[PDB]
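Shown next: entry05.csv, containing CSV, C-alpha atoms.
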chain,number,residue,atom,x,y,z
A,28,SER,CA,0.0,0.0,0.0
A,29,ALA,CA,0.9,3.7,-0.2
A,30,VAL,CA,1.4,4.1,3.5
A,31,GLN,CA,3.7,1.1,3.7
A,32,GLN,CA,5.9,2.5,0.9
A,33,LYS,CA,6.2,5.8,2.8
A,34,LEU,CA,7.0,4.0,6.1
A,35,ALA,CA,9.6,1.9,4.3
A,36,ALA,CA,11.1,5.1,2.9
A,37,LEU,CA,11.1,6.6,6.4
A,38,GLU,CA,12.8,3.6,7.8
A,39,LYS,CA,15.4,3.6,5.1
A,40,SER,CA,16.2,7.3,5.7
A,41,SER,CA,16.5,6.6,9.4
A,42,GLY,CA,19.1,3.8,9.3
A,43,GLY,CA,17.1,1.8,11.9
A,44,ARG,CA,14.3,-0.7,12.2
A,45,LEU,CA,10.8,0.6,12.4
A,46,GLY,CA,7.7,-1.3,13.6
A,47,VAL,CA,4.2,0.2,13.2
A,48,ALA,CA,0.8,-1.1,14.0
A,49,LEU,CA,-2.4,1.0,13.5
A,50,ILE,CA,-5.9,-0.2,14.4
A,51,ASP,CA,-8.7,2.0,13.2
A,52,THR,CA,-11.6,1.2,15.5
A,53,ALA,CA,-14.0,2.6,12.9
A,54,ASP,CA,-13.8,-0.6,10.9
A,55,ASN,CA,-11.2,-2.7,12.7
A,56,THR,CA,-8.9,-2.3,9.8
A,57,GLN,CA,-5.2,-2.6,10.6
A,58,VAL,CA,-2.1,-1.0,9.1
A,59,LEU,CA,1.1,-3.0,9.9
A,60,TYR,CA,4.8,-2.4,9.2
A,61,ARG,CA,7.0,-5.1,10.5
A,62,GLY,CA,4.0,-5.9,12.6
A,63,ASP,CA,5.1,-9.3,13.6
A,64,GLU,CA,8.7,-8.6,14.4
A,65,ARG,CA,9.9,-8.4,18.0
A,66,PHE,CA,11.0,-5.0,19.4
A,67,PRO,CA,12.4,-4.1,22.8
A,68,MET,CA,9.5,-2.6,24.8
A,69,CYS,CA,11.5,-0.5,27.2
A,70,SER,CA,9.2,1.7,29.2
A,71,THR,CA,6.1,0.9,27.0
A,72,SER,CA,6.0,-2.2,29.2
A,73,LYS,CA,4.9,0.0,32.1
A,74,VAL,CA,1.4,0.1,30.6
A,75,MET,CA,1.0,-3.6,31.2
A,76,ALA,CA,2.3,-3.4,34.8
A,77,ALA,CA,-0.2,-0.6,35.6
A,78,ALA,CA,-3.0,-2.4,33.9
A,79,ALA,CA,-2.2,-5.6,35.8
A,80,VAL,CA,-2.5,-3.7,39.1
A,81,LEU,CA,-5.7,-2.1,38.0
A,82,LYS,CA,-7.0,-5.6,37.3
A,83,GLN,CA,-6.1,-6.7,40.8
A,84,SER,CA,-8.1,-3.7,42.1
A,85,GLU,CA,-11.3,-5.0,40.6
A,86,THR,CA,-11.3,-7.6,43.5
A,87,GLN,CA,-9.2,-5.7,46.1
A,88,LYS,CA,-11.3,-2.5,46.0
A,89,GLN,CA,-8.9,-0.5,48.2
A,90,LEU,CA,-5.7,-1.7,46.5
A,91,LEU,CA,-4.9,1.5,44.7
A,92,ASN,CA,-4.8,3.4,48.1
A,93,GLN,CA,-2.4,1.0,49.7
A,94,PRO,CA,0.8,2.8,50.8
A,95,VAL,CA,4.1,1.4,49.5
A,96,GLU,CA,7.4,2.4,51.1
A,97,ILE,CA,10.0,4.1,49.0
A,98,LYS,CA,13.4,3.3,50.5
A,99,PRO,CA,16.8,4.7,49.3
A,100,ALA,CA,17.7,1.1,48.1
A,101,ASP,CA,14.6,1.1,45.9
A,102,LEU,CA,15.8,3.9,43.7
A,103,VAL,CA,17.3,3.0,40.3
A,104,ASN,CA,18.6,5.1,37.4
A,105,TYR,CA,15.6,7.3,36.7
A,106,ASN,CA,13.1,8.1,39.5
A,107,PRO,CA,11.7,11.6,39.0
A,108,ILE,CA,8.7,11.0,41.2
A,109,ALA,CA,9.9,8.3,43.6
A,110,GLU,CA,12.9,10.5,44.6
A,111,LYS,CA,10.4,13.1,45.9
A,112,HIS,CA,9.0,10.5,48.4
A,113,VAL,CA,12.1,8.6,49.6
A,114,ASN,CA,11.7,7.5,53.2
A,115,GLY,CA,8.0,8.1,52.8
A,116,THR,CA,5.2,6.2,51.0
A,117,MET,CA,3.3,6.4,47.7
A,118,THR,CA,0.1,4.7,47.0
A,119,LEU,CA,-0.2,2.1,44.2
A,120,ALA,CA,-2.3,4.7,42.4
A,121,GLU,CA,0.5,7.3,42.8
A,122,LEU,CA,3.1,4.7,41.7
A,123,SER,CA,1.0,3.7,38.7
A,124,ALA,CA,0.6,7.4,37.7
A,125,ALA,CA,4.4,8.0,38.1
A,126,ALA,CA,5.3,5.0,36.1
A,127,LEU,CA,2.9,6.0,33.3
A,128,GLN,CA,3.1,9.7,33.2
A,129,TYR,CA,6.8,10.3,34.1
A,130,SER,CA,8.2,6.9,33.2
A,131,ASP,CA,9.5,6.5,36.7
A,132,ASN,CA,11.6,3.3,36.9
A,133,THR,CA,11.3,2.9,40.7
A,134,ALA,CA,7.5,3.1,40.4
A,135,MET,CA,7.6,0.3,37.7
A,136,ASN,CA,9.7,-1.9,40.0
A,137,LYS,CA,7.2,-1.5,42.8
A,138,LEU,CA,4.4,-2.4,40.4
A,139,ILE,CA,6.4,-5.5,39.3
A,140,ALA,CA,6.9,-6.4,43.0
A,141,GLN,CA,3.2,-6.1,43.7
A,142,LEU,CA,2.5,-8.5,40.9
A,143,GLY,CA,5.0,-11.1,42.2
A,144,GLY,CA,7.8,-10.4,39.7
A,145,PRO,CA,8.0,-10.0,35.9
A,146,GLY,CA,6.2,-13.4,35.6
A,147,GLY,CA,3.2,-11.8,37.2
A,148,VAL,CA,3.1,-9.0,34.6
A,149,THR,CA,3.5,-11.5,31.8
A,150,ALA,CA,0.7,-13.6,33.3
A,151,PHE,CA,-1.7,-10.7,33.0
A,152,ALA,CA,-0.8,-10.3,29.3
A,153,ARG,CA,-1.6,-14.0,28.8
A,154,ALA,CA,-4.8,-13.6,30.8
A,155,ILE,CA,-6.1,-11.0,28.4
A,156,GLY,CA,-5.1,-13.0,25.3
A,157,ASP,CA,-1.7,-11.5,24.5
A,158,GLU,CA,0.6,-14.5,23.9
A,159,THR,CA,3.4,-12.3,22.6
A,160,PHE,CA,4.3,-9.9,25.3
A,161,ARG,CA,7.0,-11.1,27.6
A,162,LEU,CA,8.5,-9.2,30.6
A,163,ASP,CA,11.6,-10.9,31.8
A,164,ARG,CA,13.6,-8.3,33.8
A,165,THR,CA,13.0,-5.4,36.1
A,166,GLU,CA,14.2,-1.8,35.7
A,167,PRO,CA,16.7,-0.8,34.5
A,168,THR,CA,18.0,-3.9,32.8
A,169,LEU,CA,14.9,-4.5,30.8
A,170,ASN,CA,16.0,-1.6,28.5
A,171,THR,CA,19.2,-3.3,27.2
A,172,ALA,CA,17.5,-3.7,23.8
A,173,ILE,CA,20.1,-6.1,22.5
A,174,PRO,CA,19.5,-7.1,18.9
A,175,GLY,CA,17.9,-10.5,18.6
A,176,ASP,CA,17.3,-10.8,22.4
A,177,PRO,CA,13.7,-11.9,22.9
A,178,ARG,CA,13.6,-10.7,26.5
A,179,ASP,CA,11.3,-7.9,27.3
A,180,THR,CA,9.9,-7.7,23.8
A,181,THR,CA,6.6,-7.7,22.0
A,182,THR,CA,5.4,-7.1,18.5
A,183,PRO,CA,3.7,-4.0,17.2
A,184,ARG,CA,0.6,-6.0,16.2
A,185,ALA,CA,0.3,-7.6,19.7
A,186,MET,CA,0.8,-4.4,21.6
A,187,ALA,CA,-1.7,-2.5,19.5
A,188,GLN,CA,-4.3,-5.2,20.0
A,189,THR,CA,-3.6,-5.3,23.7
A,190,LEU,CA,-3.6,-1.5,24.1
A,191,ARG,CA,-6.9,-1.5,22.3
A,192,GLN,CA,-8.4,-4.0,24.7
A,193,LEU,CA,-7.1,-2.2,27.8
A,194,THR,CA,-8.3,1.3,26.9
A,195,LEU,CA,-11.2,1.0,24.4
A,196,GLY,CA,-12.2,-2.6,25.1
A,197,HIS,CA,-13.3,-4.4,28.3
A,198,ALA,CA,-10.2,-6.2,29.5
A,199,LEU,CA,-10.5,-4.0,32.6
A,200,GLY,CA,-13.6,-3.0,34.6
A,201,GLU,CA,-15.1,0.4,33.7
A,202,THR,CA,-13.6,2.3,36.6
A,203,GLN,CA,-10.2,0.8,36.0
A,204,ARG,CA,-10.3,1.5,32.2
A,205,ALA,CA,-11.3,5.1,32.8
A,206,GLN,CA,-8.4,5.5,35.2
A,207,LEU,CA,-5.9,4.0,32.7
A,208,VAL,CA,-7.2,6.4,30.0
A,209,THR,CA,-6.9,9.4,32.3
A,210,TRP,CA,-3.4,8.4,33.2
A,211,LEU,CA,-2.3,7.9,29.5
A,212,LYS,CA,-3.9,11.2,28.5
A,213,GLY,CA,-1.8,13.0,31.2
A,214,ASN,CA,1.5,11.6,30.0
A,215,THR,CA,4.2,14.2,30.2
A,216,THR,CA,6.9,12.5,28.1
A,217,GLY,CA,5.2,12.2,24.7
A,218,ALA,CA,5.3,15.7,23.2
A,219,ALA,CA,8.0,15.0,20.7
A,220,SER,CA,6.9,11.5,19.6
A,221,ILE,CA,3.5,10.3,18.1
A,222,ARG,CA,1.8,13.5,19.3
A,223,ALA,CA,4.2,15.7,17.3
A,224,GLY,CA,3.0,14.1,14.0
A,225,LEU,CA,-0.7,14.5,14.7
A,226,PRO,CA,-3.1,17.4,14.3
A,227,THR,CA,-3.0,19.4,17.5
A,228,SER,CA,-6.8,19.1,17.9
A,229,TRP,CA,-6.6,15.3,18.4
A,230,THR,CA,-6.5,14.0,21.9
A,231,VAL,CA,-3.7,11.5,22.5
A,232,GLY,CA,-2.9,9.2,25.5
A,233,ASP,CA,0.5,7.6,25.1
A,234,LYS,CA,3.4,5.9,26.8
A,235,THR,CA,6.9,6.4,25.4
A,236,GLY,CA,9.8,4.1,25.8
A,237,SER,CA,13.5,4.5,25.2
A,238,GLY,CA,16.5,2.3,25.8
A,239,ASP,CA,19.9,1.2,24.5
A,240,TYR,CA,20.5,0.8,20.7
A,241,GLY,CA,18.7,4.1,20.3
A,242,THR,CA,15.4,2.4,21.0
A,243,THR,CA,12.6,4.9,20.7
A,244,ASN,CA,9.1,3.8,21.2
A,245,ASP,CA,5.6,5.2,21.7
A,246,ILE,CA,2.2,3.6,22.0
A,247,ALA,CA,-0.8,5.7,21.8
A,248,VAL,CA,-4.6,5.7,21.9
A,249,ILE,CA,-5.8,8.6,19.7
A,250,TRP,CA,-9.2,10.3,19.8
A,251,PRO,CA,-9.6,12.4,16.6
A,252,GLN,CA,-12.3,15.1,16.6
A,253,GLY,CA,-15.6,13.6,15.4
A,254,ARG,CA,-14.0,10.3,14.4
A,255,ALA,CA,-13.6,6.9,15.9
A,256,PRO,CA,-10.5,6.4,18.0
A,257,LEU,CA,-7.3,4.9,16.7
A,258,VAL,CA,-4.6,2.8,18.4
A,259,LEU,CA,-1.1,3.5,17.1
A,260,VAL,CA,2.1,1.6,18.1
A,261,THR,CA,5.5,2.9,16.8
A,262,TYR,CA,8.7,1.0,17.8
A,263,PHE,CA,12.1,2.0,16.5
A,264,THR,CA,15.5,0.6,17.3
A,265,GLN,CA,19.0,1.1,15.7
A,266,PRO,CA,22.1,-0.9,15.0
A,267,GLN,CA,24.5,1.0,17.3
A,268,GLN,CA,24.4,0.4,21.0
A,269,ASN,CA,25.1,4.1,21.7
A,270,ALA,CA,22.7,5.5,19.1
A,271,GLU,CA,20.7,8.6,20.0
A,272,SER,CA,17.0,8.5,20.5
A,273,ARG,CA,15.0,9.3,17.3
A,274,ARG,CA,11.6,10.6,18.5
A,275,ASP,CA,11.3,12.4,15.2
A,276,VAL,CA,11.0,9.1,13.5
A,277,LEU,CA,7.9,8.3,15.6
A,278,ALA,CA,6.5,11.7,14.8
A,279,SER,CA,7.0,11.2,11.1
A,280,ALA,CA,5.5,7.7,11.2
A,281,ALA,CA,2.4,9.1,12.9
A,282,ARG,CA,2.2,11.9,10.3
A,283,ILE,CA,2.4,9.3,7.5
A,284,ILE,CA,-0.4,7.2,9.1
A,285,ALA,CA,-2.5,10.3,9.7
A,286,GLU,CA,-2.3,11.1,6.0
A,287,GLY,CA,-4.6,8.2,5.4

Please re-express this file's structure in structure tokens.
Amino acid sequence: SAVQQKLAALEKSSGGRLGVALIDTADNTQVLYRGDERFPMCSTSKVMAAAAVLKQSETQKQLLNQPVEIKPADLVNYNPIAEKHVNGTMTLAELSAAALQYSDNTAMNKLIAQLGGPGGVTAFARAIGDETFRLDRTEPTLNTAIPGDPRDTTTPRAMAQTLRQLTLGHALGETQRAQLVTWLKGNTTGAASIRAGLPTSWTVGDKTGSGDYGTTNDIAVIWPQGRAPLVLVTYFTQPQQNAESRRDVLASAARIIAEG
């Protein structure tokens, strides 16, 4: 198709490997580019951890208000919110928001702990029908993004379908889904990624991810004005371990998709 020619050209110009999945919920049509290849998820995996805790709260009604200690030993490499609460507590709701909206890595590790380890996050993916997602490590090592390494990867197709189910579908209860959507819409890290390629009137909720090998990711739910929502996943990774992030590639991919 025309869009896939332009995405292929974008990929060639970038020197990296680009994976795109679009689901248009208006007719459940999909646009895929390397849709079944594995990519390192990096921080886009935080959506699955947050959703898994939200799923637990459907039975444990007070779970999101449970205070969790933040100790100095809990802090890893990037903890913009958790650092503000060292030797204090954050609720699981506050940790989920920090993980999603600020990409706080300590917050993610607390969510993983709450779920019983990376196996508990992966279990939730399996429980909602995602047989592709795998979380193997905690922060920060899940971001190593080594070429060919299957750890901590998913495919664009799988993540788009799963993000659709979590936010627009009914994999979660109504209160939990609304909370997830509110969190994604309040993301602070996405201004230069998918959002930058889309009309400024469209509402976007997204989760970015970045890692080694110049890995630059964004997954988004998009509500265009007067139009059915879209789910867009853009993964990008590069051959050099020290490569710089390329958020512009995600913006350009989104712009190419938005042309259709």

task = Calculate how many Å separate atom CA of residue A:98 from atom CA of residue A:110, rounding to one decimal.
result =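 Atom CA of residue A:110 lies at a distance of 9.3 Å from atom CA of residue A:98.
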
Option closest in space to residue A:203, from A:233, A:85, A:64, A:179 [counting all atoms listed in the file] =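 Looking at the shortest contact to residue A:203, the residue is A:85.
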
query = How far is it from atom CA of residue A:153 to atom CA of residue A:166, in Å with one decimal?
reply =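 Atom CA of residue A:166 lies at a distance of 21.1 Å from atom CA of residue A:153.
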
key: Shell around residue A:206 at 12 Å using all atoms listed in the file, local window under 3 positions removed, as a list in words   =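 So the residues in contact are residues 77, 78, 80, 81, 82, 84, 91, 120, 121, 123, 124, 127, 193, 194, 199, 200, 201, 202, 203, 209, 210, 211, 212, 213 and 232 of chain A.
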
Residues from the last selection, C-alpha atoms, saved as a PDB file, in the coordinates of the input:
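Contents of the output file result-v4.pdb:
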ATOM      1  CA  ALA A  77      -0.200  -0.600  35.600  1.00  0.00           C
ATOM      2  CA  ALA A  78      -3.000  -2.400  33.900  1.00  0.00           C
ATOM      3  CA  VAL A  80      -2.500  -3.700  39.100  1.00  0.00           C
ATOM      4  CA  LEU A  81      -5.700  -2.100  38.000  1.00  0.00           C
ATOM      5  CA  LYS A  82      -7.000  -5.600  37.300  1.00  0.00           C
ATOM      6  CA  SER A  84      -8.100  -3.700  42.100  1.00  0.00           C
ATOM      7  CA  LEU A  91      -4.900   1.500  44.700  1.00  0.00           C
ATOM      8  CA  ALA A 120      -2.300   4.700  42.400  1.00  0.00           C
ATOM      9  CA  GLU A 121       0.500   7.300  42.800  1.00  0.00           C
ATOM     10  CA  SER A 123       1.000   3.700  38.700  1.00  0.00           C
ATOM     11  CA  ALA A 124       0.600   7.400  37.700  1.00  0.00           C
ATOM     12  CA  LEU A 127       2.900   6.000  33.300  1.00  0.00           C
ATOM     13  CA  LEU A 193      -7.100  -2.200  27.800  1.00  0.00           C
ATOM     14  CA  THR A 194      -8.300   1.300  26.900  1.00  0.00           C
ATOM     15  CA  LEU A 199     -10.500  -4.000  32.600  1.00  0.00           C
ATOM     16  CA  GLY A 200     -13.600  -3.000  34.600  1.00  0.00           C
ATOM     17  CA  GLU A 201     -15.100   0.400  33.700  1.00  0.00           C
ATOM     18  CA  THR A 202     -13.600   2.300  36.600  1.00  0.00           C
ATOM     19  CA  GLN A 203     -10.200   0.800  36.000  1.00  0.00           C
ATOM     20  CA  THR A 209      -6.900   9.400  32.300  1.00  0.00           C
ATOM     21  CA  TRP A 210      -3.400   8.400  33.200  1.00  0.00           C
ATOM     22  CA  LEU A 211      -2.300   7.900  29.500  1.00  0.00           C
ATOM     23  CA  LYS A 212      -3.900  11.200  28.500  1.00  0.00           C
ATOM     24  CA  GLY A 213      -1.800  13.000  31.200  1.00  0.00           C
ATOM     25  CA  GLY A 232      -2.900   9.200  25.500  1.00  0.00           C
TER      26      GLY A 232
END

ask   = For residue A:50, which residue out of A:257, A:30, A:35, A:122 is the nearest one, using only C-alpha atoms?
value = A:257

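For the pair atom CA of residue A:285 and atom CA of residue A:226, the separation is 8.5 Å.
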